[PDB]
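Engineer: Protein chains in written order, with the working numbering: chain X, 5 to 218; chain U, 4 to 166; chain F, 65 to 284; chain C, 65 to 284.
Built from N, CA and C at the ideal position, the CB exists for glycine as well.
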Amino acid sequence: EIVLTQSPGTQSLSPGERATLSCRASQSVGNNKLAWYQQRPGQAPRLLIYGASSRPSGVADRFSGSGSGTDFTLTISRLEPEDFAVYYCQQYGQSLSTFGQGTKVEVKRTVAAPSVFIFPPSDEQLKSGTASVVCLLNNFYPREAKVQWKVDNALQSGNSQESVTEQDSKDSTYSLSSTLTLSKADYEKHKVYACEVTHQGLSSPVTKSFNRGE
Amino acid sequence: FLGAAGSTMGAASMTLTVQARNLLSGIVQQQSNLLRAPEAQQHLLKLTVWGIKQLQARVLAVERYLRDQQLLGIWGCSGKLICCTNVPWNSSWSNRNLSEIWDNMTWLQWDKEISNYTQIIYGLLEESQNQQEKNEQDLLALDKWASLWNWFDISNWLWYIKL
Amino acid sequence: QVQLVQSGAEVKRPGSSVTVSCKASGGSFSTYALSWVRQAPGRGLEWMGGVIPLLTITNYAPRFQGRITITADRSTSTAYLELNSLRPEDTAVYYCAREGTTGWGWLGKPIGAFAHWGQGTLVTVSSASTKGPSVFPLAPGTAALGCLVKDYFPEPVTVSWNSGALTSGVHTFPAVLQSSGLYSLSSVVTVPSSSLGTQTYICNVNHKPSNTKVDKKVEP
Amino acid sequence: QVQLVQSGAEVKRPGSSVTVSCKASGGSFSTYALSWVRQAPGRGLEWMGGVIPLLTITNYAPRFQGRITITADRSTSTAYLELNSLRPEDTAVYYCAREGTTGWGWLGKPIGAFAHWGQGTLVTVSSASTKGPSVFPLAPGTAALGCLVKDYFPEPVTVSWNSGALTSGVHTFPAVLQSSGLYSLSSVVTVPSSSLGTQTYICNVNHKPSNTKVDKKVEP
Ligand SMILES: *[C@@H]1O[C@H](CO)[C@@H](O)[C@H](O)[C@H]1NC(C)=O
Ligand SMILES: *[C@@H]1O[C@H](CO)[C@@H](O)[C@H](O)[C@H]1NC(C)=O
Ligand SMILES: *[C@@H]1O[C@H](CO)[C@@H](O)[C@H](O)[C@H]1NC(C)=O
Ligand SMILES: *[C@@H]1O[C@H](CO)[C@@H](O)[C@H](O)[C@H]1NC(C)=O
């Protein structure tokens, strides 16, 4: 087994930057057989460079593979707003194979602070005995941050999972929505619902304070 | 030309990482002096001493530089300076080490190693080049390339690719 | 060109087995290595194994060997994959992919790379049965707002506000394989506070196997 | 020198599975077309599909699909037949086949048709349990006589008369499949009516599933 291990992190580059990736493996693939696979979520993962050197008819020339032996290389000179996705490479050498680890390239604006909000649980689901306290992190950059809820003066981890959108191409920022599940009888008790969010832009953990009643 | 003939075959792996150290072009292109002037002379002299000696040397070089091309033709190696064969290293009794041969042994000492059985190897090579390989290739066409592959008796193709 | 119209996504009881199809169209069903790949819904990609229909050469998986079955039936010109022991960690998208060839066609020398592909369907096992959820006004210069499509079955729903008239500034959030046997979803947009009573923000949801598409008020 | 080493006989139930083997002692085995052909007693060679051990190329007979399990092994020099989900009509001699070779040798071009065989393996699939043979002698112008062996299960019975001395008139029959699935046999020894009194005529029946070697001297 050849554990293919590409290793740049988030390729947070500006539109128009040289998208150079690490693109290595555990050991050397036989006969340099590597294919280059662009991928978008929900679409077809598409071949770029077959044999890691030659490109088919129809694939754009700005895709360009290089390297040999154990670790290959992909460079992309111009960064278009549609190529900002996750990139992999995959061996067709030894009879067993695995794909790339995952490198996301994005639109790069500067670092920023959000407009934080939290939703109280709605009465329409509270009358069924199902509370849901939902935070919101609107128009922040970068995506990577941390969310520490204070539900009755305590840390929560296991009920408030996180749903985070990718970089919306209009505003070039991200959006987070953490959602904790609860019931109505606990909603009659809990007064503190304050997600203490930490970020480059959220240096101090702020709240949008509300209690049981609004 | 001949520039590392005294080196070991590992340092004469250097020779065949270049044009066998220029041996073949020195075979045919050292003719260029007697190619440049067997004819620049405009003199009568009524008789010729070199008219037999130079001519005998010339056609001797030509027949020697064609016997080897025909012998590479007879082992399917025509054109290729370095080619491999289906003849195995047989019961031939100079069985020894790989890291002894291609690291510490010159070409001349290697010729002194296998000075015997060399005509045995030369007779042996064309056997696997022809008597079954040419007959397998003659088999390989008297079957449709894309029509036999339905039988599930596809090994014949596999048999022709392993043995 | 080469079209690989995969069969649709499926729901099924866990612990049982599963079959999927991949009907090719164009090029050649045989003489080129059709194969099969995975990707967990959020992970990178993963190759499993393939088949070559003219000689039924099966090149199977390093780990899933013994539980995978790939066939090739050229007489009706399809290709099936049969996995077993359905489970929440068999949940991945399963793309069917064919090897491409040199030149613009489907007959010349192959390349060794997964050039032409198929649409793919997420092969996700089902725990519960269907469920129509309820949609809520999530109360907050700029008033935040959401329509929580929470604890339903099955995935997915979409969210469009005022029948898609409000189109910019949208921020949906993906459905979750959560810890209740159901599925939840969130979706927010950005409106001002002063236009609460003037413009009534009415999200529209589309849950197609549970059949609930209601207009829902947001007037916090 | 392609020689084939099978396994030993077995008694089983329907629905279970039997791993019978064919170890290739000698001969180029990994690249040649093995076949697994059984023969029910007195009928045609029932082909159950072969295998090439080089890339696991299982040419299947299209009538035993789903019930077959055919693999290969180069290290043990053995292809494995695994007839899962057995039936009582599987009672057959599980021969293992392998194609020949042009020549003049055992390494050249293959010919397709099977040349080499194993020792033959028998399955006796029945839910009746193992029994021991009970012989019952026929009492003696001549008047022939034998020994009725019965109440043995499974097959076979190996009768002996005078420890193999009287070798004429030992009409050796196959055991007939009786009404209750049982079997019977009588090697009826023909002797004249001049020595009906004293001379030894013993029926020694050995049955290796039972390991009972019954001795029985006949008497008028
Ligand atoms: C001669 O042999 C020595 C080994 O001691 C080596 O270093 C040197 O390169 C050789 N010379 C040539 C011309 O190959
Ligand atoms: C081959 O020969 C070298 C000496 O030239 C020696 O060091 C090495 O151990 C030999 N290898 C074997 C396998 O005999
Ligand atoms: C290796 O080569 C050197 C010089 O070429 C020689 O002196 C030495 O004896 C050689 N050793 C062997 C084991 O061939
Ligand atoms: C090689 O052939 C010659 C013939 O000239 C012979 O004398 C010698 O013994 C042979 N064997 C060797 C050098 O091992």
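Which residues in the same chain as residue 4 of chain X place their Cβ atom closer than 6 angstroms to its Cβ, once the five residues preceding and following it in sequence are excluded?
Structural biologist: Past the edges of chain X, shown from 5 to 218, lies residue 4 of chain X, and the structure says nothing about it.
Engineer: Over the uninterrupted alpha helix (DSSP H) stretch that includes U/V31, give me the two end residues.
Structural biologist: Looking at the DSSP string, the run of the alpha helix (DSSP H) that includes U/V31 is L26 to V31.
Engineer: Name the residue from F/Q65, F/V66, F/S85 and F/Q242 whose alpha carbon lies nearest to the alpha carbon of F/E74.
Structural biologist: Of F/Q65, F/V66, F/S85 and F/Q242, the residue nearest in Cα terms is F/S85.
Engineer: For F/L246, return the contacting residues in chain C, with the cut-off set at a CB-CB distance below 7 angstroms.
Structural biologist: Neighbours of F/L246 on chain C: none; closest Cβ ~37 angstroms, over 7 angstroms.
Engineer: Tell me, please, whether the CB atom of F/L98 is closer than 8 angstroms to any CB atom in chain C?
Structural biologist: Not one chain C Cβ lies under 8 angstroms of F/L98.
Engineer: Starting from F/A156 and walking both ways along the beta strand (DSSP E), at which residues does that stretch end?
Structural biologist: Where F/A156 is concerned, the enclosing beta strand (DSSP E) stretches over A156 to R162.
Engineer: Between the stretch 100 to 122 of chain C and chain F, which residues of the former have CB atoms less than 8 angstroms from a CB of the latter, in chain order?
Structural biologist: Those residues of the stretch 100 to 122 of chain C that come within reach of chain F (Cβ to Cβ, closer than 8 angstroms) are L119, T120, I121 and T122.
Engineer: Whole angstroms is fine: what's the gap from X/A23's alpha carbon to X/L17's?
Structural biologist: Roughly 7 angstroms separates the two Cα atoms.
Engineer: Can you tell which of X/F67, X/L100 and X/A89 has its C-alpha closest to the C-alpha of F/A125?
Structural biologist: Of X/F67, X/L100 and X/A89, the residue nearest in Cα terms is X/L100.
Engineer: Classify X/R22 as helix, strand or coil using the three-state DSSP reduction.
Structural biologist: Three-state DSSP puts X/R22 in coil, outside helix and strand.
Engineer: Should the stretch 170 to 184 of chain F be regarded as contacting the stretch 54 to 72 of chain X, the criterion being three or more beta carbon pairs within less than 8 angstroms?
Structural biologist: They touch, by the three-pair rule.
Engineer: Considering only heavy atoms of ligand 1, list every residue whose Cβ is less than 6 angstroms from one of them, following chain order.
Structural biologist: In chain order, the hits are U/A7, U/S10 and U/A14.
Engineer: Give every residue whose Cβ lies closer than 6 angstroms to any heavy atom of ligand 2, listed in chain order.
Structural biologist: Per the Cβ criterion, the list is U/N100, U/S102, U/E103, U/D106 and U/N107.
Engineer: Name the two residues that bound the continuous beta strand (DSSP E) containing U/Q57.
Structural biologist: Looking at the DSSP string, U/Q57 is not in any beta strand (DSSP E); the run it does join, the alpha helix (DSSP H), is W53 to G76.
Engineer: To the nearest angstrom, how far is the alpha carbon of X/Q31 from that of F/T254?
Structural biologist: Using only the alpha carbons, I get a separation of about 50 angstroms.
Engineer: I need the residues with a C-beta less than 6 angstroms from some heavy atom of ligand 4; please give them in chain order.
Structural biologist: The answer, residue by residue, is U/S118 and U/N119.
Engineer: Please name the residue, chosen from C/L246, C/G167, C/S244 and C/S250, that lies closest to C/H235 on a Cα-to-Cα basis.
Structural biologist: The shortest Cα separation from C/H235 among C/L246, C/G167, C/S244 and C/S250 belongs to C/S250.
Engineer: Identify, in the order they occur along the chain, each residue of the same chain with its Cβ nearer than 7 angstroms to the Cβ of X/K188, setting aside the five sequence neighbours on each side.
Structural biologist: Excluding residues within five positions, the ones whose Cβ falls inside 7 angstroms are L130, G133 and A135.
Engineer: Output yes if chain U places a C-beta closer than 8 angstroms to the C-beta of C/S139; else output no.
Structural biologist: Chain U contact via Cβ: absent.
Engineer: Tell me the DSSP secondary structure of F/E283 in three-state form.
Structural biologist: Coil.
Engineer: Alpha carbons only, please: which of C/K277, C/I266, C/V213 and C/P204 is nearest the one belonging to C/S258?
Structural biologist: Among C/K277, C/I266, C/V213 and C/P204, the Cα nearest to that of C/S258 is on C/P204.
Engineer: Excluding five sequence neighbours on each side, which residues of the same chain lie with their C-beta closer than 6 angstroms to the C-beta of F/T194?
Structural biologist: Result list for F/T194: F217, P273 and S274, in chain order.
Engineer: Taking F/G164 as the reference, which of X/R59, X/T74, X/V115 and X/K154 has the closest Cα?
Structural biologist: Of the candidates X/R59, X/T74, X/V115 and X/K154, the one whose C-alpha sits nearest the C-alpha of F/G164 is X/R59.
Engineer: Helix, strand or coil for U/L37? Go by DSSP, reduced to three states.
Structural biologist: Three-state result, U/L37: helix.
Engineer: Could you check whether the Cβ of U/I157 sits closer than 8 angstroms to any Cβ belonging to chain F?
Structural biologist: By this cut-off, U/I157 is an interface position.
Engineer: Report the residue ranges of all beta strand (DSSP E) runs contained in full by the stretch 41 to 106 of chain X; include only those spanning at least 3 residues, in chain order.
Structural biologist: Listed in chain order, they are 50 to 54, 67 to 72, 75 to 80 and 90 to 95.
Engineer: If I'm right that F/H180 touches F/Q65 with Cβ under 8 angstroms, what's the distance once you round it to whole angstroms?
Structural biologist: With a Cβ gap of about 7 angstroms, F/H180 and F/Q65 count as contacting.
Engineer: Compare the Cα-Cα distances from X/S167 to each of X/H203, X/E110, X/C139 and X/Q15 and report the closest residue.
Structural biologist: Nearest option by C-alpha distance: X/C139.
Engineer: Would you say U/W152 reaches chain F, if we count a Cβ-Cβ gap shorter than 8 angstroms as a contact?
Structural biologist: So yes, U/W152 belongs to the interface.
Engineer: Should C/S92 be flagged as near chain U, meaning a C-beta pair shorter than 8 angstroms?
Structural biologist: Interface residue, yes.
Engineer: Could you tell me the boundaries of the alpha helix (DSSP H) in which U/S131 lies?
Structural biologist: Per DSSP, U/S131 belongs to the alpha helix (DSSP H) from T121 to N133.
Engineer: Assuming C/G182 and C/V252 make a contact with CB atoms under 8 angstroms, what is their CB distance in whole Å?
Structural biologist: In fact, because the Cβ distance is near 34 angstroms, the residues do not count as touching under 8 angstroms.
Engineer: Going by CA-CA distance only, name the one from C/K76, C/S224 and C/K87 that's closest to C/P117.
Structural biologist: Out of C/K76, C/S224 and C/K87, C/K87 has the C-alpha closest to the C-alpha of C/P117.
Engineer: Going by DSSP, which residues form a beta bridge with X/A116?
Structural biologist: X/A116 pairs with X/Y145.
Engineer: Quick check: the Cα distance between U/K56 and C/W168, rounded to an integer number of angstroms?
Structural biologist: About 55 angstroms.
Engineer: Closest to C/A143 by C-alpha separation, out of C/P220, C/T133 and C/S149, would be which residue?
Structural biologist: When each option's Cα is compared against that of C/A143, the closest is C/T133.
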